[PDB]
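J.: Sequence below, structure please.
(chains A, B, C, D, E, F, G, H and I)
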Amino acid sequence: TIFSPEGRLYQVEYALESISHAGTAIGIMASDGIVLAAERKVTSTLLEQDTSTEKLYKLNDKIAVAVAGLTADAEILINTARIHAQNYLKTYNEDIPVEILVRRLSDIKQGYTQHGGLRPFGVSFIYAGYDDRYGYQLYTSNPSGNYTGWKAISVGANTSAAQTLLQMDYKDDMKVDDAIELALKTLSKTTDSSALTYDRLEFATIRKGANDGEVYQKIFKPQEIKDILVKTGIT
Amino acid sequence: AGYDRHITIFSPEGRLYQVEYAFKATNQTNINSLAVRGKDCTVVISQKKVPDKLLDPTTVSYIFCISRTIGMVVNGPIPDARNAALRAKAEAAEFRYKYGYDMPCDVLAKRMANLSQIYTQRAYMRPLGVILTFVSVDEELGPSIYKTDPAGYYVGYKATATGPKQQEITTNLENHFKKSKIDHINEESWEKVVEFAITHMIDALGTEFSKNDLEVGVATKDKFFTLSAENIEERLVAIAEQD
Amino acid sequence: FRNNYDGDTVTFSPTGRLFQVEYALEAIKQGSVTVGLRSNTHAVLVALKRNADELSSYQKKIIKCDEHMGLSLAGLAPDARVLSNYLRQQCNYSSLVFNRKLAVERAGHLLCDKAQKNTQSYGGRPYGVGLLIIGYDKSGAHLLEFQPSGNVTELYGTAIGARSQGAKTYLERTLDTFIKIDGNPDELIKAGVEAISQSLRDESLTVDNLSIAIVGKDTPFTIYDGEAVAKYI
Amino acid sequence: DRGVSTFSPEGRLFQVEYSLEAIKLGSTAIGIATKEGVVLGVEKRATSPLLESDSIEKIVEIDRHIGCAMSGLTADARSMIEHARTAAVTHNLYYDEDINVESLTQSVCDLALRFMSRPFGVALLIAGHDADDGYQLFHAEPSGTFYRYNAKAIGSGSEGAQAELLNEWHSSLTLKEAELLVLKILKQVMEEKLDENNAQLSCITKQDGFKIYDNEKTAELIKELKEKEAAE
Amino acid sequence: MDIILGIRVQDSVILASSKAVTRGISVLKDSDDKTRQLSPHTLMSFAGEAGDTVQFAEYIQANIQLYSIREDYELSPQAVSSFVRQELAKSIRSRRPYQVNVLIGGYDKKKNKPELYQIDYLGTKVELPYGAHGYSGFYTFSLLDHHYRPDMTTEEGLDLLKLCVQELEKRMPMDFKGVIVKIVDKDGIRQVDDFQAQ
Amino acid sequence: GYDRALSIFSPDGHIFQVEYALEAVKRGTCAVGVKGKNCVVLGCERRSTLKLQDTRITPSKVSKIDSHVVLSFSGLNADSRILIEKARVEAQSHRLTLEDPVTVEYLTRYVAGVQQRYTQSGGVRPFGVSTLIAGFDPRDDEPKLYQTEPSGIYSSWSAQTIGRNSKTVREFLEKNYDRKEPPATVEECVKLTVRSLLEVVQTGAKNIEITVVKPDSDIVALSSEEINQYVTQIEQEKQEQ
Amino acid sequence: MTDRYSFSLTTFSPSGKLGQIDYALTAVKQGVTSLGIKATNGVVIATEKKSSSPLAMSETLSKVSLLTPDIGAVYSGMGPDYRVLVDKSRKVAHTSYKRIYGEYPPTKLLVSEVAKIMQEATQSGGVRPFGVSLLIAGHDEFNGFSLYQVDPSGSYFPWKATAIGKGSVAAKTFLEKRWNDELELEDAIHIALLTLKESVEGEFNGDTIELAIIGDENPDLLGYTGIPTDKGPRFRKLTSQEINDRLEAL
Amino acid sequence: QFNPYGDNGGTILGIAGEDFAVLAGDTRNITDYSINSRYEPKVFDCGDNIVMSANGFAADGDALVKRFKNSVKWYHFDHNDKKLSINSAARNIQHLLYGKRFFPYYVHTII
Amino acid sequence: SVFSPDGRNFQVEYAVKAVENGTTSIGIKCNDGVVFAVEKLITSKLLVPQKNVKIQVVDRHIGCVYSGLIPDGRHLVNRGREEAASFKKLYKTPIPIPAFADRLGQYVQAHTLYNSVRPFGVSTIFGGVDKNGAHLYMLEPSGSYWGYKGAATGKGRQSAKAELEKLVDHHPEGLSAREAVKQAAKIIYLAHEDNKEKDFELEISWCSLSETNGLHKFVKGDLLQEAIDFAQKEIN
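T.: Residues are numbered from 1 along each chain as shown, chains lettered A, B, ... in the order given. Take a look:
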């Protein structure tokens, strides 16, 4: 939490360095939804995949996050973000605007940057959510407490590689199903495994729910990822 | 010097040097103790060394009456020994007040073990340079010996020894229980158990004892007490007319 | 050996020394000179003040503590303020609660105990000032020397600060003379003025240079500066 | 590099000594104490011509009878001024009178002691009048020590400024003479040419209290100085 | 008891509030505004215990303005009224509760509906076509039960209030010195500054 | 209770944490402000690590404090959110107790004050932020522009710039800005601003953003296209041999 | 007196490592091997009771501990660290869950809570991380049987089967070979005993092995009859006699 | 219930002349219908040429005079031995009394 | 809060050096009390004789004397006094000497547990008469204390200890209070041998059942001169 002669924050820079070794997560934002894709870190056959959650967390009904970093550090931050959302709803009788929740988590992160002599959290987030002011939104936050908004973005391992590819294939008028494809294709070329299989992925979508006018959060099950891997041509 | 040598953080090999150094401190007084169990008693023995002639020998002790039922012997320097003594006394009185029955031997051991564990983990507290041997005839468990070290470790014993010549005494006892085939001293009177204890102490240290080279604590159903020089002397006489 | 052993006051050197305390003691040697001496009827402080420039003041070095007590300082002046203030309170508390003028000896014990805490608590620092304490109580006249180590000693006379050894030497020899200056303030003051002189390569002590304070049998504590001291040069 | 309130082997406080260094890097401030008043002048020192000069407040009022000039890390002076003002107004509230200049200074120096994580990087010249001791000038260091002066200068140009103050000061200086001297000595030590925009004058009189001179009244004295020093 | 009335018509919300301030045996003022603008489309009216009344209104105002400036966005009437309710419901169990009753009249721009919220000092919230606090409600509720229609124009709503005020001048014991009337519609908040002799 | 002193003096009299805070400012994207006869204009730049950004929802560099005052910053973005929040809270608090909105000088003094406090409290680091604060006092027409830095020093400026390559742009402004004649039009005041930024940014595309403040809480941001109308007019016309 | 170390003892190194967590994991590696296997009608957790001298009473040391009537834990690394975590975990199962909902917590959530306590020692002032890895096995009405591993960082993850400590690499391989999603409980006990034969040097009997299951409800371990709507604890420590009987036909 | 107050009678009178003042009081101290003392003074010299009486509940009166005497002592310490003017004393006494606005000294005080 | 690799506490160890560096002081137990004595270095002719009292009373029945940093000693006694007061308040009876010993024990020992406190740079000799006898104690900077027949600490501790050892051996029957006072004067004179660059003043106190009714009192006037005289005799 001290400055270098250069004007950078030691513990922060080293924390980002920590994050760069973490399973990659991508967020892509369509015209009618957001995709969340993330890759699990060098796993095993014996690792339970069914009841496993480690990279994709529901924050409320309108907002999810993807985690790159220290899983346990993120559990802390997720829990207090969940609480903040409920505080907002209780106070106002309205779901929290995505930006506000993002700002609060980032402000928490910023604290550890500036006071108290505790270490920053080794965590980066992609936030996917919906509110009726700005529609679908994608945000990112890192241990510096900095947050920015994105059409498409990645965090963790191989972001340079992944970032190049998304710029190459993203175009504003995208649909959700194309964004799903783009997410999986980008992870296929930035993986470190031989190939991308179902037991190494977490997948989530925030759609407009077919016919209703209401927002739906879907966290893809094992069998569902396996299937969406077939259609795209990765089997 | 790296901080992993001064405070209780980990070393690259996964180690806690301050704890290791605290184990070293336990031998500083160069005293051996042993504890054994009878049919319905528990006996502790400790060497007693009064170097300086100016000392009042009645005040030099490493055995402590914790409660009516529980005795403790310490291997380590006295300041730390007395700190643990006072705390255990406080804890044993608090337990009885809050819960309405006498603190059992193993429960006080666990509680002291936990207290030590904290010093193992928190940086502003050094561990205590001591090993504590707790003894009693527990109302549920009978004769009991429970021993804690500066790491936060504790376990129950059939018998035990502590100090510089620890290993010699241990094996000496191990050998007796191998041959006797049971986990206690099969004697009715506590006097014979004390006698056994001194005898095996002698045969593993290669030393003879006069009445002022020992210290004896005995725990019976509903009482723990220490022996006087003269009671010990009478014990030394009975071992003479036999061994 | 002198290496990582002067980091804080909470550390002993392998010799058994407390260097921070020793260093605070060193702020006194660098301080301007002051003298104290007493007979059986009065006690006197003489403090040679120091200026910063020819245009500056000669910073006051004598602080009143009650009607019967006061002190002179050499070292960090702010530290003399903290302690004399604490002494004003202890004198005051003694008056209010007990209707009792506080004994000089008790004042010494109290200052000792306050300084001691700072030689033992982390993140604190020893006091960087020495103090000469005069007073008149129920057992007569008194002089005390305060050292920031927490050491206080009762004396017939003494001196602290720059080249104090000169005055202390003179006093060690003039002893049997001044102790007998009873019921004669002006001669005891003079004996103080002449004692402070044996500590000046500096110069002639002048009108704004000199500070005198006295307390006695029927004389309450009073500081004299300038015009009033002219008759003693 | 070990602690904040640590002693050097020479019995000085490291941090207090290093704060004194910061003050040496500060803009010059000069004070002259006479029998007709006390003058305070300062060097504005704009770090650029785009800076609006009259937004540089290095002379501040404390009470109507007490003013103060600063030098060093002027940002650190904010809470000292605030505390000084509270002390002077509080005193008037509790006692129905003006605070003594020495008492006001002692109070600021009390605040100075409270290290807060570090000492102040700023020294202050405090000037004013009270019935008891008349016109007074005080130098207040971040050590908590303060000193009374007939004349004093603080900041980068202070060594040469003090020397000049040593020759020029006598116990019969009129206020208008004292104003001219502050201006003169500033002109010598300033790394720029003295005009009404890069130097500020102020005084306190018993009758009119503390007044900052506006740029117009200063420019006149600058012009009057250029002339007094032409003929001689 | 001060008079605090609110009527929600089809396109706006109208608030009428008594102009008198009475301490003891004196009317101190006959032109008091018992209203604070909370945002350009939300207005709060208040009655109750002497000092508490303005201190609360202005604390609520400060919080809403802060939120607006922080989000460059106006909270909905539903949201503001929930903020206020929770504030009162906190206050009711503190060492010294705020003894203030409020009407919140706002125009929700997202929905294009006008809205009227009645909240008492206990933190009891309800949305109503018309509302009142204090004794005045004992006359107006029934009157409006009869004369009110859900689809009235703003000009019609003002004639409904005229009845309400005239009734309160016939039957209320105290001279409340007439009412200030304010309208909250799509264009914001304005004052009908000519209600008394009209 | 962590109160370990981080901002301390060095032997030459410098507070290195405050100094390195300045370094973080000069690392940050450039921000400039210039005041006219009846206006003040604030201008910023954007970086190019990535350009798959969504600009609708990403935090703009000019923040509204009250309806008549704005703040722009160079330095650590996370730090600036904290200074802005407190400035917003104070602005409401001043209205509540004084029944008047802040003067620009007062809001400036407050923010500079918070920065200063962080240079002398245990277990806190200074703000890696320096700010430009601009607007008009309530019921006043004379424009106001102030600058604060991590030390807590503050001052007013006819025009000023901060952040990366501000050395260059302060050069431009020092020759071009006339004390005698401030850019009397809103228009020509936006002119001097875009010119000064062109030295550093490259093409004034998706990088240069501008905000105008007139009296009585009149504050308008610009659009890409209305910026492009200024990029075009200077390049071609001031290209003449 | 007073805590004067108010800063984190686990910080980031320039390479992004958190030293103390790595070193805590090194401590776990030295630890005596322990394992858990998830069957279709149960979970088994097992370890070796490394005695220090035969004079120590092995039964008096708890290596496998009941956390709730349906949840157990075992560890590798520093015993004293495990023991205090078991105490805090038992207590939090109450303060954070049973006193609020009137029912014991589901496994994932108790695990979540231990994870929290361990993370805290990763970031709080003046403390070092716990030098243990835990294996938590349990059942709840809605998730059925589960098994989790918690590490010094507070990371947790669910396993079908695993081992930690000294011979963890060797044993993970052995289980991978032997695990299928159709194992009965007695099958998993048997596999656990086989996997654990590798680890161990000396004697291999019921007095050197601590083994417990999470299986069917044991009504005779409830202590009372009459409320037919609970049949009792699913957690069950195997006796020395029960271990040996399975070792003869091994 | 404990009543923290009492009333010990007495009567004080202040008159100011052109270049003098007098403050007088009786020396009698009473409780209900009993005489505690025939000579218990309640007018005191406070230094700096100020006399003070605080009549009513004598416990409160004594506490106040004690506190003012102390206030004078510290005035001398904190303010370079300056004489405390009568108006300054008065204002200081206001503050002493008002500090106990919610548990008052039951005295009528004259200086 | 730092063990060195041999199991010792190096900060306590350096505290000991500071004690070894101090003025010499002693305590002698007799058959119905305890006597205490100290060497007061005469820094200067300017010290007021009999006026810089080193020995301190605790409660009414307990004597305390120490060697090392004098401020550290005074701090300890202050705490001892509160610990005495607190005991009397709760239990009525004055504090027994073994009990008072553990109170100082634990406190001194506590200052060896934490890295933000330094240990005490004194060894303290203290004692008195309680309900069942006289008791003598010495407490080292570690918080280690034991009971003693005789005790010495400071620069001349070794020569003083040897003398004490002689008395113990040649008086198995017990010594008298009156006698121990003279003997203490002798021992301080003998001990001054290892510190003789300065002149010294002798100070003695005692707590005897029959000579003081079991209260701590200083030795002044007649008895102090008889003790000095006796000590002057066995040095010529």
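J.: Pull the contacting residues for whatever residue of chain G ends up closest to chain I.
T.: Going by CB to the nearest CB, chain I is nearest to residue G:4 of chain G, at 4.1 Å. The C-beta positions use only the backbone N, C-alpha and C, and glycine is treated the same way. Residues counted as contacts of residue G:4 (CB atoms under 8 Å, 6 or more residues apart in numbering or on different chains) are B:124, C:122, G:126, I:114-116.
J.: again, only this time at 10 Å
T.: B:123-124, C:10, C:122-123, F:1-2, F:4, G:125-126, I:1, I:114-117 (CB atoms under 10 Å, 6 or more residues apart in numbering or on different chains).
J.: Which one of those residues is nearest to residue D:22?
T.: residue F:4 (21.2 Å; CB to CB).
J.: That closest one is in what secondary structure piece?
T.: Secondary structure assignment for residue F:4, by DSSP states H and E: no helix or strand.
J.: ok, back up a step: write the ChimeraX selection for whichever of the contacts of residue G:4 are buried.
T.: Here is the ChimeraX command that selects the buried residues among those (16 or more other CB atoms under 10 Å in any protein chain shown):
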select /B:123,124 /C:10,122 /F:2 /G:125,126 /I:1,114,115,116,117
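J.: Please report how far the residue of chain G closest to chain I lies from residue D:62.
T.: Separation of residue G:4 from residue D:62 (CB to CB, to the nearest Å) stands at 40 Å.
J.: you'd agree residue G:119 is up against residue A:79?
T.: No - Residue G:119 is beyond contact range of residue A:79, at 11.0 Å (criterion: CB atoms under 10 Å).
J.: Which one's more surrounded, those two?
T.: In this view residue G:119 and residue A:79 are compared by other CB atoms under 10 Å in any protein chain shown, and residue G:119 has more residues nearby, 24 against 13.
J.: Please identify which helix or strand holds the more buried one.
T.: Taking DSSP H and E as the criterion, residue G:119 maps to helix G:107-120.
J.: ok, back up a step: of the contacts of residue G:4, which are in range of chain D?
T.: C:122-123, F:4 (CB under 10 Å from any CB of the partner chain).
J.: Give me the distance from the top helix by length along chain C to the chain's centre.
T.: As assigned by DSSP state H, the longest helix anywhere in chain C is helix C:77-98. Centroid separation for helix C:77-98 versus its chain: 15 Å, with CA atoms, centre = their mean, to the nearest Å.
J.: Quick one: check the following helix or strand past it for contact with chain F.
T.: Next along the chain after helix C:77-98, taking DSSP H and E as the criterion, comes helix C:104-118. No - taking CB under 10 Å from any CB as the criterion, helix C:104-118 and chain F are apart, separated by no less than 17.9 Å.
J.: hmm, back to that, so which other helices or strands are in contact with the longest helix of chain C?
T.: Counting contacts by 3 or more CB pairs under 10 Å, 6 or more residues apart in numbering or on different chains; DSSP states H and E, helix C:77-98 is packed against strand C:62-66, strand C:69-75, helix C:104-118, strand C:129-137, helix D:101-112, strand D:146-148, helix H:58-78.
J.: Return the alpha-carbon coordinates of the helix or strand that comes right after the last one using PDB.
T.: It stands for helix H:58-78. Where DSSP H and E defines the elements, the next helix or strand beyond helix H:58-78 is helix H:86-98. Extracted C-alpha coordinates of helix H:86-98, given in PDB (Å, rounded to 0.1, in the frame of the first residue of the first chain):
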ATOM      1  CA  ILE H  86     -13.100  41.900  36.600                       C
ATOM      2  CA  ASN H  87     -15.000  41.600  33.300                       C
ATOM      3  CA  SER H  88     -12.800  38.700  32.400                       C
ATOM      4  CA  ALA H  89     -13.400  37.000  35.700                       C
ATOM      5  CA  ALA H  90     -17.100  37.500  35.200                       C
ATOM      6  CA  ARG H  91     -17.200  35.900  31.800                       C
ATOM      7  CA  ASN H  92     -15.100  33.000  33.100                       C
ATOM      8  CA  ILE H  93     -17.600  32.500  35.900                       C
ATOM      9  CA  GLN H  94     -20.500  32.400  33.400                       C
ATOM     10  CA  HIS H  95     -18.700  29.400  31.700                       C
ATOM     11  CA  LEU H  96     -18.100  27.700  35.000                       C
ATOM     12  CA  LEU H  97     -21.800  27.900  35.900                       C
ATOM     13  CA  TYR H  98     -23.100  27.000  32.400                       C
END
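J.: What strands line up against the helix or strand following helix H:86-98, and which way round?
T.: Per DSSP H and E, the first helix or strand lying C-terminal to helix H:86-98 is strand H:107-110. Sheet pairing for strand H:107-110, assigned by DSSP bridges, gives strand H:51-56 (antiparallel).
J.: List the buried residues in the partner strand.
T.: H:52-56.
J.: between that strand and helix H:58-78, how big is the angle?
T.: For strand H:51-56 against helix H:58-78, the angle between stretch directions is 150 degrees (axes from the mean of the first three to the mean of the last three CA atoms, to 10 degrees).
J.: residue contacts, the residue nearest to residue A:115 when sequence neighbours are not counted?
T.: Excluding the flanking residues, the one nearest residue A:115 by CB to CB, 6 or more residues apart in numbering or on different chains is residue F:124, at 4.6 Å. Residues near residue F:124 by CB under 10 Å, 6+ apart: A:1, A:114-117, D:117, F:2-3, F:5-7, F:17, F:117-118.
J.: Of the residues you listed, grab the buried ones for PyMOL.
T.: The PyMOL selection below is limited to those of these classed as buried (16+ other CB under 10 Å):
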select buried, (chain A and resi 1+114+115+116+117) or (chain D and resi 117) or (chain F and resi 2+5+6+7+17+118)
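J.: what's the most distant pair in the contacts of residue F:124?
T.: The span of these, defined through CB to CB, is set by A:117 and F:117 at 17.9 Å.
J.: follow-up on the earlier one: ok, the helix holding residue G:119 near chain B or not?
T.: No - Helix G:107-120 does not reach chain B (CB under 10 Å from any CB); its nearest approach is 11.6 Å.
J.: And that helix, what does it pack against?
T.: Packing partners of helix G:107-120 (3+ CB pairs under 10 Å, 6+ apart): helix A:71-92, strand G:65-68, strand G:71-77, helix G:79-93, strand G:132-140, strand G:144-150, strand G:156-158.
J.: Where do the strands of the chain begin and end?
T.: All of this refers to chain A. Taking DSSP state E, the strands of chain A run over residues A:25-29, A:33-39, A:56-58, A:63-69, A:123-131, A:135-141, A:147-149, A:152-155, A:201-207, A:216-219.
J.: think we crossed wires, I meant chain F
T.: For chain F, the strands defined by DSSP E cover F:31-35, F:40-44, F:62-66, F:69-75, F:129-135, F:144-148, F:154-156, F:159-162, F:209-214, F:218-221.
J.: How about the fourth one and chain A, any contact?
T.: It stands for strand F:69-75. Yes - Strand F:69-75 lies within reach of chain A by CB under 10 Å from any CB, at residue F:75.
J.: Could you tell me the angle between the direction of that strand and that of strand F:40-44?
T.: Interaxial angle of strand F:69-75 relative to strand F:40-44 (the same axes, to 10 degrees): 30 degrees.
J.: go on, the third one?
T.: With the same axes, to 10 degrees applied, the angle from strand F:62-66 to strand F:40-44 works out at 140 degrees.
J.: ok now strand F:62-66, how far from the chain's centre?
T.: Distance of strand F:62-66 from the chain centroid (CA atoms, centre = their mean) equals 11 Å.
J.: Please save the CA atoms from that strand in PDB.
T.: Extracted as PDB, the C-alpha positions of strand F:62-66 are listed here (Å, rounded to 0.1, in the frame of the first residue of the first chain):
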ATOM      1  CA  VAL F  62     -15.100  15.300 -15.800                       C
ATOM      2  CA  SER F  63     -17.300  14.800 -12.700                       C
ATOM      3  CA  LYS F  64     -20.100  17.000 -11.500                       C
ATOM      4  CA  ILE F  65     -19.700  18.000  -7.900                       C
ATOM      5  CA  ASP F  66     -22.700  20.300  -7.600                       C
END
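J.: mind checking how far residue D:176 is from chain F?
T.: 31 Å (CB to the nearest CB, to the nearest Å).
J.: That residue: which element?
T.: helix D:175-189.
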